Amino acid sequence: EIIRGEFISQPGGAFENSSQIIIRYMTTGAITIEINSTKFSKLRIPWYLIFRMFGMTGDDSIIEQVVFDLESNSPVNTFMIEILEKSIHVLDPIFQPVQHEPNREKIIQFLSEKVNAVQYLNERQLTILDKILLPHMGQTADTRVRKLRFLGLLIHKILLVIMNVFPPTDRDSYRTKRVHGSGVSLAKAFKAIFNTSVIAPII
Amino acid sequence: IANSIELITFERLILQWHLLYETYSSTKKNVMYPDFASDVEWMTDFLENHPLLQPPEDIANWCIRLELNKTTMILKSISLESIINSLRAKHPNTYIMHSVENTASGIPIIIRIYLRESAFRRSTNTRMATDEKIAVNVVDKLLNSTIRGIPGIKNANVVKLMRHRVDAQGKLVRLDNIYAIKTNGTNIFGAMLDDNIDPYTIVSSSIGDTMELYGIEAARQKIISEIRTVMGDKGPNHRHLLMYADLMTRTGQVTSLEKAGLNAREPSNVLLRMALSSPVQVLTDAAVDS
Amino acid sequence: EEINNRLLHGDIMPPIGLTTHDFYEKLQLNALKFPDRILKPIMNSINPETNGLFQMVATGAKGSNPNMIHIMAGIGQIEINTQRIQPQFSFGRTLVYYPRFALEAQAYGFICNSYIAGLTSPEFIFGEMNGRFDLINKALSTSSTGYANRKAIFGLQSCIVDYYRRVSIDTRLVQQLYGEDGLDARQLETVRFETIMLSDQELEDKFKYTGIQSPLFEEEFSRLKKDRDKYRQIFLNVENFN
Amino acid sequence: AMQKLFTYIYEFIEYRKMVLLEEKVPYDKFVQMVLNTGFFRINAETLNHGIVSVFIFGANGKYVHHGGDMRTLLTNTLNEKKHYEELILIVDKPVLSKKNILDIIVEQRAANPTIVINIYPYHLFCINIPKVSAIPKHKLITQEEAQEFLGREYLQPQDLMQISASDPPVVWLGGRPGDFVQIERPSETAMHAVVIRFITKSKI
Amino acid sequence: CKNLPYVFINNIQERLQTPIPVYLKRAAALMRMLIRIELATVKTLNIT
Amino acid sequence: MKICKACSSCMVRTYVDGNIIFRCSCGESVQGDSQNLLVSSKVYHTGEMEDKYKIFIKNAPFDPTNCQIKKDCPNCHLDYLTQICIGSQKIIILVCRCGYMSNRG
Amino acid sequence: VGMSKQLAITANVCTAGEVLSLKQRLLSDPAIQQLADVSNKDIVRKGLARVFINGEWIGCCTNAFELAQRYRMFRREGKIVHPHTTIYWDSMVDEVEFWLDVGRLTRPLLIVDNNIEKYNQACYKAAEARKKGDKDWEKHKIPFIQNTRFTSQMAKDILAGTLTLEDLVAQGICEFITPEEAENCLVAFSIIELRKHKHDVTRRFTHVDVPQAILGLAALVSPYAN
Ligand SMILES: [Zn+2]
Ligand SMILES: [Zn+2]
């Protein structure tokens, strides 16, 4: 790997569940997003697939979301495109058959296996993804464009770090840390046992 | 001498290089990239000034354009003639255009290398790799080419040394005016092959290089010296360093103080090696080996 | 501040190999150093005959000169990894108490106070940074040493002296003679060889006995000369591969 | 590399006490031979009237890259009527890594067990190895002296410290496996020091 | 000085004057030189 | 780079010996003009101060945490001018909230 | 091992705020444009600044610094913004964050206020007189002043128990600063430093702190620790 951009998204208060959306950058030039949740837990889904799943067909717009522009001649803007263009042609080992499928439905189907009956499969997996991807933005599934724009923001920040525009996030700094009391710690084990004690009589 | 010794790769002198995928020839008047279309002025001139050298017509339609840093060339005291001679001698596979002759500041020094079919045709051997990708291998090879200096020496700084020497009177006198070069990498062979350096006194901090070039005894002395250096001011007695070196050079080859090293010095000692680490693997190998 | 003005006007010209930032940092670090005359006011105030702290330091019983200088005169520049306090609070800041791009030495770890005088808050923070660095280094050093200690012990375990005074591993020689001298490490004392550095004429004047005109004394002096030459040749060679 | 080897290869012959059987040629002619033929050959006779042949292979040569070319060269040379004693083949260090050339070397040795065939890199002869400061004074001792030393110490040859036959100082001395080399080390604890090592098989 | 290397052997071999190994001679060389320096005829002129 | 008008998608850069040509998964391949000859350009320059700090320079006079100097603004005639030492080159760029940026454009 | 870390004397962990209300106010009020209205090209072309609340990019605004200052003034007022909200403005990138999370360390700090607006206005007038023939431009120039509103009388009241921190924050004397918002603050390490630079316009302080605040009780037990 080159670097890893990790973003744990939690909606509402600390007692809601969290989604650890990782954004890696492979040495070969591939950009993969790992949901690292209940579903797609170990699936390194290339970013452009994630963009098309939600309904982003045009590749030019897909690049735009990351770069927020497609005509400015900023050296930062330019270099970003070459990094991103090579990403499209990475030929990933997994998702290769689905790698260049214009049909939105086909892209969704391939994941379902890796996890109008097709509409149900799409209506299932896409809603699942909406619930799993960036919950803090919302889960109505009508804000998908906003989720994609924020994803592009993340790609832009990570790529800027690649180019050395900015330094990597400082771990020790307390600006990005938080101190949780007993309630947060208790709620953790409570979810496991309380559900466990509730599932046991379900059988 | 130190300036001469230091490795000067070609990439150090480039300001910006480009890959254009173009062919140069008076036939068909092949178009060029608009920014570099202005090169036509000295493109044809080079042939007029150097008629003996002309395009072999083996052009692979892959070309390199390289602007040179005049400031670096002046600083390093290297002339374009040496650069082109080294590039051509070490890369017969391509045709080199000296292009811009040395000028006053304002006229950039430019170089245009055209790749011949010889290198590209070889692609079929290993794989059907596209000629585009074998081209970037070639540009990297050109960038890494050594214009001057001993390979493997990043830096070289003159250092004041203190050394004794018996004078004519027969008195051992310490001399503090002696100067010497302290490099940043290790190449004993290169330093040996390069005059202006006393080949018989080359000293390296590398144990492997010393072993390879000089022998096991030199490697032993090098181990002693390096451990003593690592010890610092509060170092142990010398006999302990001697113990370390003698054990590590017992078999005629430098052996480690690790599982691999022990297995080479005391292979039959199954129990000792079991105690060190990996008891189950050692026991299995001992049992199968009997 | 003079160096700071030089930087402000752009008069800082780094030498080859150093960037302007590194050259400026080195120049400021050299500028901020006690003149070694700081000891004069300390010694003027204290009475060597009846000052307990000074007597403890000077006899070597405990303490050092930098200790006295810090206690009485001033702590001076804090140096971590032989460098000032690198900006880490923010992009340009070193602490919340200083502007983003501050030229003052106080912002990069210079303490103008003394322990007896009482440090201010930022000086205290810098001192604690230095202390935590030292403690961390000690702990990591010990932790790293232990593992290599065990590996070396098992590597060298089987080297035992034998009845020939050699060192061997189950009859397989590791040394023809322990330490090449066959001596215990705790039965040695440093001694000086006079003839090593003497000149030819000095050696003849000092050691050639001329009381009796006999060849035996010439032979003895020749033996001394041979030994001197052997010592020089061997240990001059040690210089040439060190 | 080539210029240094030419001047020092003959010193290696001189150190081994051999005598050259051909007249020395100028450096320009020597190099010229390397490009056209791919190798330069020097023949010397030992004290016992054995014949030692040295082959210096320049880079970008057919012999280095093709095993068949080496096979014909070695076979034809060995079939000669000279009373060969050793065949020294000096090559570029990358050549040593190549497996095919080495396979040519090993098979040839089997065909002629009596003859010794060795292959060395350039750097072994690009310097007067005995005169290096960091290399102690190696020396070969007769089997009788080594036997006396072992008998006085109740030792076996397998008990001594081992030194490879490819060791540059040993290569210059000419010792073969099963022989003993006496090394006069400089020691800091004690001024002098002497050890005896057992020459083992040369690597490669 | 000649018999010094025998310290690595018993006193029996010293009496019989049997051959001394070269490595033992080397081991004793340094102390031999020091003894020569510190017991030079000039130095020990008053010793009985 | 190039997006085929049939479908917005990256056009793989596969040159034909006679002249440059571009292709997509959908086809519609289009030749390459003179400007597309350049495939790989690299420039050896230290830092990206042109825009690496562009936004920072804009906001610097409005950031209270920034150092300041007693020099004067040529436009506003204020007694103080914000200072910043940006980059390993140690470039000192005095700035005012008015937009006046000394030592630079 | 000593991996444990002790909180400072004034350090106080913070409770989760009411993000819904602040988000409603932010999106409803002007100077903020919803993501629907703006476009990814639009922000770059117009140099718009993104606005984050609890890490959620709600929208964008024309000027980051102006909005951040306005909302900090609102917080000091206590009218619209809870005193514990973290208003962080990034200058390296045009961003305006609003964290109401749980687990943010917070410490009270005394606010340093000055009269720069008057200083600047008189500065313009003095320069104009320079162009004129008045030759008394200096009379228009006035000295800079930065001074906290803490008063010796109020300090006595605190010891008497009449005045509490909540009342200090109620007035504009004090406000809580988290390590995030600390990056936007220049703090005088002690009242001595604030007075030393009372009239210095080169160094304007945002807050002043009591130097004892950088130690916990365990460390504060030792006397003359410095
Ligand atoms: Zn297409
Ligand atoms: Zn202005």
# chains A, B, ... in the order shown; residues from 1 in each chain; ligands from 1
$ residues_around --residues "residue 18 of chain E" --least-positions-apart "4" --cutoff "12 Å" --atoms "only C-alpha atoms" --output "list in words"
residues 152 of chain D; 3, 5, 6, 9, 10, 11, 12, 13 and 14 of chain E
$ write_last_selection --atoms "N, CA, C and O atoms" --output "compact mmCIF listing (two decimals), in the first residue's frame"
# COMPACT_ATOMS: atom_id res chain seq x y z
N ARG D 152 50.91 -32.35 18.13
CA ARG D 152 51.23 -31.73 19.41
C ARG D 152 49.99 -31.22 20.13
O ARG D 152 50.04 -31.03 21.35
N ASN E 3 62.34 -18.13 27.86
CA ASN E 3 61.45 -19.12 28.46
C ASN E 3 60.07 -18.57 28.78
O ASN E 3 59.20 -19.34 29.22
N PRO E 5 57.41 -17.86 27.04
CA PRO E 5 56.24 -18.55 26.47
C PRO E 5 55.85 -19.80 27.24
O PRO E 5 54.71 -20.26 27.11
N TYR E 6 56.75 -20.37 28.04
CA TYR E 6 56.44 -21.58 28.78
C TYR E 6 55.39 -21.37 29.86
O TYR E 6 54.86 -22.35 30.38
N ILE E 9 52.71 -23.36 29.33
CA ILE E 9 52.97 -24.78 29.52
C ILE E 9 53.45 -24.96 30.96
O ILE E 9 53.70 -24.00 31.68
N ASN E 10 53.56 -26.21 31.39
CA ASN E 10 54.04 -26.47 32.74
C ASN E 10 55.52 -26.13 32.84
O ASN E 10 56.19 -25.77 31.87
N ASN E 11 56.05 -26.26 34.06
CA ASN E 11 57.48 -26.11 34.29
C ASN E 11 58.26 -27.35 33.90
O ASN E 11 59.49 -27.29 33.82
N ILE E 12 57.58 -28.47 33.66
CA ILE E 12 58.28 -29.67 33.20
C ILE E 12 58.86 -29.44 31.81
O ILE E 12 60.04 -29.71 31.56
N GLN E 13 58.05 -28.93 30.89
CA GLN E 13 58.53 -28.67 29.54
C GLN E 13 59.61 -27.60 29.53
O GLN E 13 60.53 -27.64 28.70
N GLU E 14 59.53 -26.62 30.44
CA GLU E 14 60.57 -25.61 30.53
C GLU E 14 61.91 -26.25 30.91
O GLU E 14 62.95 -25.88 30.36
$ residues_near_ligand --ligand "ligand 2" --cutoff "6 Å" --atoms "only C-alpha atoms and all ligand atoms" --output "list in words"
residues 73, 75, 76, 96, 97, 98 and 100 of chain F
$ write_last_selection --atoms "C-alpha atoms" --output "PDB file, in the first residue's frame"
ATOM      1  CA  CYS F  73       0.979  48.950   4.197  1.00  0.00           C
ATOM      2  CA  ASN F  75      -2.145  50.988   0.235  1.00  0.00           C
ATOM      3  CA  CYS F  76      -3.883  51.268   3.616  1.00  0.00           C
ATOM      4  CA  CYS F  96      -2.255  43.061   4.659  1.00  0.00           C
ATOM      5  CA  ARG F  97      -5.976  42.487   5.081  1.00  0.00           C
ATOM      6  CA  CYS F  98      -6.346  44.837   2.095  1.00  0.00           C
ATOM      7  CA  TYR F 100      -1.435  43.940  -0.536  1.00  0.00           C
TER       8      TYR F 100
END
$ residues_around --residues "residue 41 of chain G" --least-positions-apart "2" --cutoff "12 Å" --atoms "only C-alpha atoms" --output "PyMOL selection string"
(chain A and resi 61+63-72+149) or (chain G and resi 35+37-39+43-48)
$ select_by_dssp --residues "segment 4-80 of chain B" --states "helix (DSSP H, G or I)" --output "PDB file with C-alpha atoms, in the first residue's frame"
ATOM      1  CA  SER B   4      35.085  13.796  -9.166  1.00  0.00           C
ATOM      2  CA  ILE B   5      34.378  10.721  -7.022  1.00  0.00           C
ATOM      3  CA  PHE B  10      21.884  11.718 -15.669  1.00  0.00           C
ATOM      4  CA  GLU B  11      18.599  12.441 -13.887  1.00  0.00           C
ATOM      5  CA  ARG B  12      20.418  14.870 -11.585  1.00  0.00           C
ATOM      6  CA  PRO B  34       3.146  22.327 -30.851  1.00  0.00           C
ATOM      7  CA  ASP B  35       5.127  23.444 -27.792  1.00  0.00           C
ATOM      8  CA  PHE B  36       8.257  21.709 -29.107  1.00  0.00           C
ATOM      9  CA  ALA B  37       7.449  22.498 -32.748  1.00  0.00           C
ATOM     10  CA  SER B  38       9.883  25.404 -32.287  1.00  0.00           C
ATOM     11  CA  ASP B  39      12.718  22.844 -32.084  1.00  0.00           C
ATOM     12  CA  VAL B  40      12.789  22.637 -35.896  1.00  0.00           C
ATOM     13  CA  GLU B  41      15.361  25.447 -35.946  1.00  0.00           C
ATOM     14  CA  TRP B  42      18.121  23.420 -34.262  1.00  0.00           C
ATOM     15  CA  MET B  43      16.605  20.043 -35.188  1.00  0.00           C
ATOM     16  CA  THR B  44      17.901  20.278 -38.757  1.00  0.00           C
ATOM     17  CA  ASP B  45      20.924  22.381 -37.777  1.00  0.00           C
ATOM     18  CA  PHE B  46      22.419  19.528 -35.745  1.00  0.00           C
ATOM     19  CA  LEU B  47      22.652  17.490 -38.947  1.00  0.00           C
ATOM     20  CA  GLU B  48      24.389  20.390 -40.699  1.00  0.00           C
ATOM     21  CA  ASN B  49      26.944  20.778 -37.899  1.00  0.00           C
ATOM     22  CA  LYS B  70      22.864  24.891 -16.922  1.00  0.00           C
ATOM     23  CA  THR B  71      23.468  25.820 -13.282  1.00  0.00           C
ATOM     24  CA  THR B  72      24.007  22.188 -12.281  1.00  0.00           C
ATOM     25  CA  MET B  73      26.337  21.599 -15.234  1.00  0.00           C
ATOM     26  CA  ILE B  74      28.464  24.615 -14.293  1.00  0.00           C
ATOM     27  CA  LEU B  75      28.464  23.642 -10.608  1.00  0.00           C
ATOM     28  CA  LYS B  76      29.465  20.035 -11.328  1.00  0.00           C
ATOM     29  CA  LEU B  80      27.596  18.678 -22.616  1.00  0.00           C
TER      30      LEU B  80
END
$ residues_near_ligand --ligand "ligand 1" --cutoff "9 Å" --atoms "only C-alpha atoms and all ligand atoms" --output "PyMOL selection string"
chain F and resi 3-11+23-29
$ interface_residues --of "chain F" --to "chain G" --cutoff "6 Å" --atoms "only C-alpha atoms" --output "list in words"
residues 56, 59, 65, 68 and 69 of chain F
$ interface_residues --of "chain C" --to "chain D" --cutoff "9 Å" --atoms "only C-alpha atoms" --output "VMD selection string"
chain C and resid 164 168 170 to 176 179 to 181 230 to 231 234 to 235 237 to 238 240 to 242
$ residues_around --residues "segment 9-24 of chain C" --least-positions-apart "3" --cutoff "8 Å" --atoms "only C-alpha atoms" --output "VMD selection string"
(chain C and resid 5 to 6 27 to 28) or (chain F and resid 88 to 92)
$ atom_distance --atom1 "atom CA of residue 82 of chain B" --atom2 "atom CA of residue 146 of chain B"
11.3 Å
$ residues_around --residues "residue 62 of chain A" --least-positions-apart "6" --cutoff "9 Å" --atoms "only C-alpha atoms" --output "PyMOL selection string"
chain A and resi 48+51-52+56+152
$ write_last_selection --atoms "C-alpha atoms" --output "PDB file, in the first residue's frame"
ATOM      1  CA  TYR A  48     -15.402   4.095  -9.656  1.00  0.00           C
ATOM      2  CA  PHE A  51     -19.697   5.878  -7.888  1.00  0.00           C
ATOM      3  CA  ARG A  52     -21.647   4.070 -10.613  1.00  0.00           C
ATOM      4  CA  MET A  56     -23.209   8.104 -11.297  1.00  0.00           C
ATOM      5  CA  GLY A 152     -15.158  12.983  -3.545  1.00  0.00           C
TER       6      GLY A 152
END
$ residues_around --residues "residue 79 of chain A" --least-positions-apart "4" --cutoff "10 Å" --atoms "only C-alpha atoms" --output "PyMOL selection string"
chain A and resi 73-75+83-84+159-160+163
$ write_last_selection --atoms "N, CA and C atoms" --output "PDB file, in the first residue's frame"
ATOM      1  N   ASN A  73      -6.790  24.798 -14.935  1.00  0.00           N
ATOM      2  CA  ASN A  73      -5.441  24.361 -15.270  1.00  0.00           C
ATOM      3  C   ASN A  73      -4.497  24.421 -14.073  1.00  0.00           C
ATOM      4  N   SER A  74      -5.027  24.301 -12.864  1.00  0.00           N
ATOM      5  CA  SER A  74      -4.179  24.321 -11.683  1.00  0.00           C
ATOM      6  C   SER A  74      -3.245  23.115 -11.704  1.00  0.00           C
ATOM      7  N   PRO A  75      -1.951  23.286 -11.416  1.00  0.00           N
ATOM      8  CA  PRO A  75      -1.063  22.111 -11.393  1.00  0.00           C
ATOM      9  C   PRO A  75      -1.549  21.031 -10.448  1.00  0.00           C
ATOM     10  N   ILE A  83      -3.370  10.812 -11.875  1.00  0.00           N
ATOM     11  CA  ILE A  83      -3.474   9.811 -10.818  1.00  0.00           C
ATOM     12  C   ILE A  83      -4.816   9.102 -10.909  1.00  0.00           C
ATOM     13  N   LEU A  84      -5.882   9.867 -11.141  1.00  0.00           N
ATOM     14  CA  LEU A  84      -7.227   9.307 -11.147  1.00  0.00           C
ATOM     15  C   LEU A  84      -7.504   8.525 -12.427  1.00  0.00           C
ATOM     16  N   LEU A 159      -5.709  12.411  -1.841  1.00  0.00           N
ATOM     17  CA  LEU A 159      -4.807  12.636  -2.965  1.00  0.00           C
ATOM     18  C   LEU A 159      -3.903  13.840  -2.722  1.00  0.00           C
ATOM     19  N   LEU A 160      -4.451  14.920  -2.159  1.00  0.00           N
ATOM     20  CA  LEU A 160      -3.616  16.062  -1.809  1.00  0.00           C
ATOM     21  C   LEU A 160      -2.508  15.644  -0.856  1.00  0.00           C
ATOM     22  N   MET A 163       0.204  14.035  -2.908  1.00  0.00           N
ATOM     23  CA  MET A 163       1.063  14.945  -3.654  1.00  0.00           C
ATOM     24  C   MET A 163       2.001  15.727  -2.740  1.00  0.00           C
TER      25      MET A 163
END
$ closest_residue --among "C:161, C:167, C:203, C:8" --to "chain F" --atoms "only C-alpha atoms"
C:8
$ interface_residues --of "chain F" --to "chain B" --cutoff "9 Å" --atoms "only C-alpha atoms" --output "PDB file with N, CA and C atoms, in the first residue's frame"
ATOM      1  N   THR F  14      -3.905   3.898 -26.702  1.00  0.00           N
ATOM      2  CA  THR F  14      -3.233   2.884 -27.514  1.00  0.00           C
ATOM      3  C   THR F  14      -2.921   3.507 -28.869  1.00  0.00           C
ATOM      4  N   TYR F  15      -1.638   3.729 -29.119  1.00  0.00           N
ATOM      5  CA  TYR F  15      -1.197   4.380 -30.342  1.00  0.00           C
ATOM      6  C   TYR F  15      -1.121   3.389 -31.492  1.00  0.00           C
ATOM      7  N   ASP F  17       0.803   2.776 -35.159  1.00  0.00           N
ATOM      8  CA  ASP F  17       2.124   3.161 -35.652  1.00  0.00           C
ATOM      9  C   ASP F  17       2.039   4.382 -36.560  1.00  0.00           C
ATOM     10  N   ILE F  20      -1.692   8.409 -33.826  1.00  0.00           N
ATOM     11  CA  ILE F  20      -2.319   8.116 -32.543  1.00  0.00           C
ATOM     12  C   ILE F  20      -3.789   7.790 -32.759  1.00  0.00           C
ATOM     13  N   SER F  34      -2.365  16.261 -33.120  1.00  0.00           N
ATOM     14  CA  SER F  34      -0.955  16.536 -32.865  1.00  0.00           C
ATOM     15  C   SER F  34      -0.696  16.752 -31.379  1.00  0.00           C
ATOM     16  N   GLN F  35      -1.625  17.413 -30.686  1.00  0.00           N
ATOM     17  CA  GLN F  35      -1.417  17.751 -29.283  1.00  0.00           C
ATOM     18  C   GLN F  35      -1.358  16.525 -28.381  1.00  0.00           C
ATOM     19  N   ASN F  36      -1.901  15.388 -28.815  1.00  0.00           N
ATOM     20  CA  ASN F  36      -1.918  14.192 -27.982  1.00  0.00           C
ATOM     21  C   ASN F  36      -0.629  13.386 -28.067  1.00  0.00           C
ATOM     22  N   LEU F  37       0.385  13.877 -28.782  1.00  0.00           N
ATOM     23  CA  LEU F  37       1.631  13.127 -28.903  1.00  0.00           C
ATOM     24  C   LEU F  37       2.292  12.926 -27.544  1.00  0.00           C
ATOM     25  N   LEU F  38       2.328  13.970 -26.718  1.00  0.00           N
ATOM     26  CA  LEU F  38       2.986  13.885 -25.418  1.00  0.00           C
ATOM     27  C   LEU F  38       2.259  12.888 -24.520  1.00  0.00           C
ATOM     28  N   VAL F  39       2.988  11.880 -24.041  1.00  0.00           N
ATOM     29  CA  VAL F  39       2.422  10.865 -23.162  1.00  0.00           C
ATOM     30  C   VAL F  39       2.912  10.976 -21.724  1.00  0.00           C
ATOM     31  N   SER F  40       4.135  11.437 -21.491  1.00  0.00           N
ATOM     32  CA  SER F  40       4.677  11.466 -20.135  1.00  0.00           C
ATOM     33  C   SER F  40       5.617  12.651 -19.992  1.00  0.00           C
ATOM     34  N   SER F  41       5.233  13.600 -19.142  1.00  0.00           N
ATOM     35  CA  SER F  41       6.006  14.810 -18.892  1.00  0.00           C
ATOM     36  C   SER F  41       6.276  14.923 -17.401  1.00  0.00           C
ATOM     37  N   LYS F  42       7.533  15.168 -17.047  1.00  0.00           N
ATOM     38  CA  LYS F  42       7.943  15.332 -15.661  1.00  0.00           C
ATOM     39  C   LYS F  42       8.831  16.562 -15.559  1.00  0.00           C
ATOM     40  N   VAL F  43       8.609  17.360 -14.518  1.00  0.00           N
ATOM     41  CA  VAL F  43       9.354  18.591 -14.290  1.00  0.00           C
ATOM     42  C   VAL F  43      10.010  18.504 -12.921  1.00  0.00           C
ATOM     43  N   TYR F  44      11.278  18.903 -12.849  1.00  0.00           N
ATOM     44  CA  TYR F  44      12.069  18.787 -11.626  1.00  0.00           C
ATOM     45  C   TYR F  44      12.095  20.157 -10.957  1.00  0.00           C
ATOM     46  N   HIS F  45      11.106  20.406 -10.104  1.00  0.00           N
ATOM     47  CA  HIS F  45      11.006  21.647  -9.353  1.00  0.00           C
ATOM     48  C   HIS F  45      10.753  21.323  -7.889  1.00  0.00           C
TER      49      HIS F  45
END
$ residues_around --residues "segment 17-22 of chain D" --least-positions-apart "3" --cutoff "7 Å" --atoms "only C-alpha atoms" --output "PyMOL selection string"
chain D and resi 13-14+43-47
$ write_last_selection --atoms "N, CA and C atoms" --output "PDB file, in the first residue's frame"
ATOM      1  N   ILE D  13      50.653 -13.827 -11.404  1.00  0.00           N
ATOM      2  CA  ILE D  13      51.533 -14.888 -11.887  1.00  0.00           C
ATOM      3  C   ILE D  13      52.867 -14.836 -11.157  1.00  0.00           C
ATOM      4  N   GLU D  14      53.423 -13.634 -10.994  1.00  0.00           N
ATOM      5  CA  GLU D  14      54.709 -13.499 -10.318  1.00  0.00           C
ATOM      6  C   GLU D  14      54.618 -13.956  -8.868  1.00  0.00           C
ATOM      7  N   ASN D  43      49.636 -18.241 -20.469  1.00  0.00           N
ATOM      8  CA  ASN D  43      50.092 -19.567 -20.079  1.00  0.00           C
ATOM      9  C   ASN D  43      51.392 -19.441 -19.298  1.00  0.00           C
ATOM     10  N   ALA D  44      51.435 -20.065 -18.123  1.00  0.00           N
ATOM     11  CA  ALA D  44      52.606 -20.028 -17.262  1.00  0.00           C
ATOM     12  C   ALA D  44      52.891 -21.429 -16.745  1.00  0.00           C
ATOM     13  N   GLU D  45      54.155 -21.667 -16.406  1.00  0.00           N
ATOM     14  CA  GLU D  45      54.618 -22.962 -15.928  1.00  0.00           C
ATOM     15  C   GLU D  45      55.035 -22.847 -14.470  1.00  0.00           C
ATOM     16  N   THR D  46      54.561 -23.778 -13.647  1.00  0.00           N
ATOM     17  CA  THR D  46      54.882 -23.787 -12.228  1.00  0.00           C
ATOM     18  C   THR D  46      56.267 -24.391 -12.003  1.00  0.00           C
ATOM     19  N   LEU D  47      56.682 -24.436 -10.735  1.00  0.00           N
ATOM     20  CA  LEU D  47      57.993 -24.984 -10.405  1.00  0.00           C
ATOM     21  C   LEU D  47      58.068 -26.468 -10.741  1.00  0.00           C
TER      22      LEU D  47
END
$ closest_atom_pairs --of "chain E" --to "chain D" --cutoff "9 Å" --atoms "only C-alpha atoms" --output "CSV"
residue,atom,partner,partner_atom,distance
E:21,CA,D:149,CA,8.1
E:22,CA,D:194,CA,7.1
E:23,CA,D:194,CA,5.0
E:24,CA,D:194,CA,8.5
E:25,CA,D:193,CA,8.8
E:26,CA,D:192,CA,5.2
E:27,CA,D:190,CA,6.2
E:28,CA,D:190,CA,8.0
E:29,CA,D:192,CA,6.9
E:30,CA,D:191,CA,5.6
E:31,CA,D:190,CA,8.6
$ write_last_selection --atoms "N, CA and C atoms" --output "tab-separated table (two decimals), in the first residue's frame"
chain	number	residue	atom	x	y	z
E	21	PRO	N	55.34	-23.81	20.64
E	21	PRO	CA	54.53	-23.40	19.49
E	21	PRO	C	54.69	-21.93	19.13
E	22	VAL	N	54.60	-21.66	17.83
E	22	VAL	CA	54.78	-20.31	17.32
E	22	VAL	C	53.69	-19.39	17.86
E	23	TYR	N	52.46	-19.90	17.98
E	23	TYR	CA	51.38	-19.05	18.47
E	23	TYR	C	51.58	-18.68	19.93
E	24	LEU	N	52.11	-19.61	20.74
E	24	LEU	CA	52.45	-19.26	22.12
E	24	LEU	C	53.57	-18.23	22.16
E	25	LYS	N	54.57	-18.37	21.29
E	25	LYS	CA	55.61	-17.36	21.21
E	25	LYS	C	55.01	-15.99	20.91
E	26	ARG	N	54.09	-15.93	19.95
E	26	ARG	CA	53.43	-14.66	19.64
E	26	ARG	C	52.67	-14.14	20.85
E	27	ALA	N	51.95	-15.02	21.55
E	27	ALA	CA	51.20	-14.59	22.73
E	27	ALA	C	52.12	-13.96	23.77
E	28	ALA	N	53.34	-14.49	23.91
E	28	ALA	CA	54.28	-13.96	24.89
E	28	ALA	C	55.10	-12.78	24.36
E	29	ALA	N	55.00	-12.47	23.07
E	29	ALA	CA	55.82	-11.41	22.49
E	29	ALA	C	55.64	-10.06	23.19
E	30	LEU	N	54.40	-9.67	23.47
E	30	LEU	CA	54.16	-8.34	24.03
E	30	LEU	C	54.80	-8.20	25.41
E	31	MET	N	54.58	-9.18	26.28
E	31	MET	CA	55.22	-9.13	27.59
E	31	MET	C	56.73	-9.24	27.47
$ select_by_dssp --residues "segment 27-82 of chain B" --states "strand (DSSP E or B)" --output "number ranges by chain"
B: 59-68
